[PDB]
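Comments concern the structure below.
Each value in this text was obtained by applying a stated rule to the coordinates, not by laboratory testing. For neighbour counting, all protein chains shown are included, and Cβ atoms are generated from backbone atoms with ideal geometry for every residue, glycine included.
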Amino acid sequence: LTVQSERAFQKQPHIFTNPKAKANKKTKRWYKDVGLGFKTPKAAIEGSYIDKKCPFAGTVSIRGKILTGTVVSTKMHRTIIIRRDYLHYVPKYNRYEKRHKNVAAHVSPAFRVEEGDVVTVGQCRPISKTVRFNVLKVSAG
Amino acid sequence: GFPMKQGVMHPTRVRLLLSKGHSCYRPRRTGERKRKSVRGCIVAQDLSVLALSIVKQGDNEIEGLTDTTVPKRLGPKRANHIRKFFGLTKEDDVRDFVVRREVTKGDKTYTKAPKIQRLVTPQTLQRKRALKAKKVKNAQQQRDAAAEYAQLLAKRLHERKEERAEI
Amino acid sequence: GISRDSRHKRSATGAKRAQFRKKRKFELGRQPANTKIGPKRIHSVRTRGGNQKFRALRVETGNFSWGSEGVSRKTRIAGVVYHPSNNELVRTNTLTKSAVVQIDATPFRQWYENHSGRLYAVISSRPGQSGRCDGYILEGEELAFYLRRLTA
Amino acid sequence: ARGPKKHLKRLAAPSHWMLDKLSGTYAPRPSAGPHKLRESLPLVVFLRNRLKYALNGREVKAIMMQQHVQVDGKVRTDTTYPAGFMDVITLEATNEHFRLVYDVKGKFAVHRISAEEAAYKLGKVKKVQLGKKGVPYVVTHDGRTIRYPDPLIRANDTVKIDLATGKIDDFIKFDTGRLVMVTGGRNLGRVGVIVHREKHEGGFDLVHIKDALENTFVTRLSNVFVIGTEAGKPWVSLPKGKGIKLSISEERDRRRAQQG
RNA sequence: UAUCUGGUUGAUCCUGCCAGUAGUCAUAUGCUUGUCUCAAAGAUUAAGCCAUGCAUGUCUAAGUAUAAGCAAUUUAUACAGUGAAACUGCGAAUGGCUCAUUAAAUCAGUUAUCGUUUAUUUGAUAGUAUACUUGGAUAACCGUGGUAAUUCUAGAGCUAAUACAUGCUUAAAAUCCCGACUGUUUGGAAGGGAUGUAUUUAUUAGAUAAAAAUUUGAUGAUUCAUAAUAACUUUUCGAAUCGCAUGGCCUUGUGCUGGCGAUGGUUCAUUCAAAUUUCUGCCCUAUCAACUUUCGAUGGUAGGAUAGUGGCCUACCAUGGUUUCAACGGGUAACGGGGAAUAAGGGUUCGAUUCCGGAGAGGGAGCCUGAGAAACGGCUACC
RNA sequence: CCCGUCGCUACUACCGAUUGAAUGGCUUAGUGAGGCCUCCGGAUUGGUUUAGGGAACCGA
RNA sequence: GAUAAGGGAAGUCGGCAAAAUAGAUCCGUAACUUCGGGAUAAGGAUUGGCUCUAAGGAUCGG
């Protein structure tokens, strides 16, 4: 697994490592905290992956709704699907029925998720046809 | 009756999409375009009328065409147009050179003359002075409001310097 | 007219979406410029809100910046030599973003003196948006990756 | 639909204008201006429906075309000018000065003030940020932009604008114990002091406000307008009733005693 | 008013339906019809077809007036009052109508734009390194017309602008680059260029855990605001405009200065908006169980296009995405909602229709202008 | 009391040769109006404008 | 043994004789069925030359 696996060089935009510099030849890395009390995983501060859609190493911003669900599919590259279960109230019968909605979310390489885990996703700008949420925290299941 | 359009190299009629600025068309609203049939620019036997301009006068006078003349309806109106028309200098006074056409209303006749455009007048210079004086006054009001803010910031910063020194 | 709306597409579950409304102007699209190399020719396009965009149909020179020295000079470009999207653009010399081009080295050489005659560059401007082919000079690992890809 | 709307149906007008159902099909659509559409009062409504100086729109147009009406020290001839919260309207021909302050019942009270008080107004600071040439500026609730503010000024504070030069006379910091009027919600028009501010990052901050009758209510921070440095010391004259909310039974008792 | 009664038997008690009964913002129809107030009305069938007329135009002291228009001689021989026609500006994208399509589509409540465009209104904001003020067209107008016919227009002769195309006028410093000479312990320098604002790149500030051996804004969050450096640009605009008053200083000049206003202008903010967008919620049907992915279906990388996000499109690469918790398909005598009728409670039925949102102008499709239209009382083409 | 063939009359639906017929929606393939972008093109029409007969060369 | 305007089986017992189709790649493919077939069903698109690009392997060297 290598970062430079594409036909184009993968790098963070406008983050310049001057070749004519001192001996501390460490590639300058940019990162941010997303706010809302979410901790930045150290795989982002210290990693080398490039992901423009990562909340911590990319240019996306977290704003809007924060959702939680159970991961049911990790078969896409950098994209997972979580399943959200809820109870719908039926007023006529004074009872409930089980319902579910599937939300597609982007997962950054800073996280490792398998099928069955419970993750917390925050809303972001549309980053795909079906993806509007982006993983902010992972809880093993 | 279809008119001839310049550049259509045909002796017959064609239909074009005419727009603003095209001859043979007058747009009813802004940005409007109409498809109109127009006659080509090549003369043939299918013309009902041909328009001609005399370039060089011939041998014999034409009965109603080359002997008489009609004066131009309007004289120059812009100041510089009057100056170009008959030797004025930029220092000459155009005011007593406008041609006035006099109208006869029954018994008393008076003259009517155009209002000269682009004429420099004390009101025009007054407006130039007002604009430049206002620009300077604005610039001073901004640079002394900025200077006053610099005083306010310097006062606050010095006060915070002593606040840190106390703490 | 070319549009960007997702109405023409089908849903994620695969359902063929029906005809909701006619196409709207506030989602239109236009043709790619396909910037070439030739006498500088730009066309301005009337966009939404009164803004104006400049199709770079063909260009000759654009400003390029040496990141190590912080110097930007206007210099000639030879042609595009590497494009991650399509190799047809490399073959036909189409100038788009993220495309590796070769630039004339005379201004950078003269600045270096005052302080193979063609230097590699990556266009960072969008000629089909602004009409300028502005880019930077490859250095370091980016340079190494692109040179490995070019030589093979 | 294809562009901005220019009409307002009478039934769709804001309820605090107190327009009648059967007077017509349409209501005055307020123009663009310093105040938002829903939180404003057009001058045609103020001059005809509230004061009843003009009997109809021809008369309000004749009045405003004779240059009588001034809002915040400038002559307005737009019959649909969107007058709003805290604006001062002066009619020196009749020698009358009004201030638009909400009463506790949720409507704009007809609150007359002296010319000396009509010489200024208050504005809530919405944002502080840097303008061109690195010059900071403040945006108040009525869309005003004041350059070179006091470096201590932050968001949610209230400044007192001289209203003749457009400069800042002085300001009030947002803090516990400040006098506040509510400018939104069902508590519109109420006045009280801040007791405790409860923050919610990523959401809407909530402010706990205590009435003069020791009634406590909660409202969003966006509906809070600081009007005084402490309890009983407002920077503007309050409307009749002093912003104290009475129950419906208490109001019924008061009206019965007042009318006999 | 939380109600029942007649009908199967020779007679009985039941199940059970038929029938009776009352309302309907529920339509039609018959007979009949004196008064006051209020008031629906070609939705249902045919989003079937249309004669005719009207429904969108518009001028203030303040854009352009030689109407050969009217009026009077008057503070006026450049015009000056009033005022057709035209050019210019703005509006014509509002309103009004209808409900064909449309079943996660529209819509409702709740969210987001740190993902964008925004005429206008309202605040701020621009001294930037021939001037007593630049050009040449054109309309109306005059007079030659062609066609049976249209809100068709062509030749010829004029003339104007806040129309079109161009252009100076100015503070004081200060800073940066190149740099002849010079000082010669690394300084001083003549002379050349550059400074406002927009565009496009690249690179730097943009800080903020508490003692020992000088500045630095906001946010929950940013590569935000903003500043600086090196350049770039078929070089954006920093008023060649218009009305009323006519004042002040004398070194007796058409001298120098200046008051209230019209309109316009760059950027930021505001407002009127627009466009996408999070969550949850739609009627009948399984005699609809698998659907989507050639020729985008799900995702990754790069680009193009857009006002902007986004398979919106392209190239390459993976095989993904939805579904018995009903996907997909079909039907709807289906616009959604606020609401309406009846109702002890729970419910059942209706909602074309006075308000909000959406869509359409015979059916499609494509566009110009404009801030705003895929507009139809705008155009182009087909049926 | 009652069941059913068969016969007569009337009505409703079903099957049925006719590769039956008609109407509407979606679509493969072929042809393809029109607009838009691009590429040249350059009727005529102004002069960067220069010329003792005037030869040019710039823009739209 | 060839070709033929317009029509296209009206010729003849009868489409006899001739014509038309035809390789390959890709798409699409009905009734019926003994479930194996029918099937190359039917019905469409492409195909030259040149200049390139990409993929598919072997043997040595730790």
Whether the stretch C:1-62 is rounded, prolate or oblate, judged on the alpha carbon gyration tensor where a/c under 1.5 counts as rounded: prolate
Value of relative contact order over the stretch B:33-167, rounded to a whole percent, pairs C-alpha under 8 Å and six or more apart: 14
Rg/Rh (Cα only; Kirkwood hydrodynamic radius) as it applies to the stretch B:94-167: 1.64
Burial ordering of D:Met18, D:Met64, fewest other beta-carbon atoms within 10 Å first: D:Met18, D:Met64
Average other protein chain Cβ within 10 Å of Cβ, residues D:147-159: 2
In order through the stretch C:27-40: 3J(HN,Hα) via Karplus (6.51 cos²θ - 1.76 cosθ + 1.60), integer Hz, x for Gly, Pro: 9, 6, x, 9, 6, x, 6, 6, 4, 10, 10, x, x, 4
Cleavage-rule hits (GluC sites (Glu not before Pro)) in the stretch A:90-139: DSSP loop, at most 15 neighbouring Cβ within 10 angstrom: A:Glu114, A:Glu115
Neighbourhood net charge (11 Å Cβ-Cβ; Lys/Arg +1, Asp/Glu -1) for A:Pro109: +2
In nm, spacing of pseudo-spin labels at B:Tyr110 and D:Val75 (7 Å Cα→C-beta vector): 3.2
Distance cut-off 19 Å, percentage of C-alpha pairs in chain A lying past it: 58
Contact order normalised by residue count of the stretch A:15-119, Cα under 8 Å, 6+ apart, percent: 23
Computed [θ] at 222 nm, helices only, for the protein assembly as shown once each DSSP H run of length n ≥ 4 contributes -39500 (n - 2.57): -4500 deg cm²/dmol
Residues listed by number, the stretch D:72-103, amide nitrogen under 16 Å from D:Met18 label point at 7 Å toward C-beta: D:99-103
Centre separation in Å (Cα based) which lies between the stretch D:44-88 and the stretch A:80-136: 54
Cα-projected label distance for A:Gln10 with C:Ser65, points at 7 Å along beta-carbon direction, nm: 2.5
Calculated log₁₀ intensity ratio I(q)/I(0) where the Debye formula runs over C-alpha points of the stretch D:206-260, q = 0.22 Å⁻¹: -1.00
The protein assembly as shown: proportion of alpha-carbon pairs further apart than 32 angstrom, %: 77
Mean projection area, nm², convex hull over Cα of chain D: 17.6
Length added when fully stretched, A:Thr59-A:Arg99, from 0.36 nm per residue minus Cα-Cα: 11.0 nm
Sorted by Cβ density within 10 Å, fewest first, the residues B:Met4, D:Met65: D:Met65, B:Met4
Greater than 23 Å apart at Cα, pairs in C:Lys36/C:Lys74; D:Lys124/D:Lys242; D:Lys105/D:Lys210; C:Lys25/D:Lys132; A:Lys32/A:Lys53; A:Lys52/A:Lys101: C:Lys25/D:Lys132; A:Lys52/A:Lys101
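Sort the following peptides by mean Cβ neighbour count (other Cβ atoms within 10 Å, averaged over residues), highest first: B:112-123, C:59-70, C:126-137, D:159-170.
Highest mean packing first, the order is C:126-137, C:59-70, D:159-170, B:112-123.
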Backbone N under 18 Å from the B:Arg35 label point (7 Å along Cα→Cβ), restricted to the stretch B:1-18: B:13-18
Hypothetical label at C:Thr106: residues of the stretch C:70-88 whose amide nitrogen lies under 11 Å (7 Å Cα-Cβ projection): C:75-76
Fraction in percent of alpha-carbon pairs per bin - 5 Å, the stretch C:35-148: 2, 12, 21, 23, 18, 12, 7, 3, 1, 0
All-pairs Cα distance distribution in chain B, expressed in whole percent, bin size 10 Å: 7, 13, 13, 18, 17, 11, 7, 6, 4, 2, 1, 0
Taking A:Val119, B:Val70 and counting other C-beta atoms within 10 Å, the order from fewest to most: B:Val70, A:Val119
Virtual spin-label span in nm between C:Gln31 and B:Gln45, 7 Å along Cα→Cβ: 4.4
Förster radius 30 Å - calculated FRET efficiency between A:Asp85 and C:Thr13 (Cβ-Cβ, nearest 0.05): 0.95
Diffusion coefficient, µm² s⁻¹, Stokes-Einstein with Kirkwood Rh over alpha-carbon pairs of the stretch D:186-225 at 25 °C and 0.890 mPa s: 235
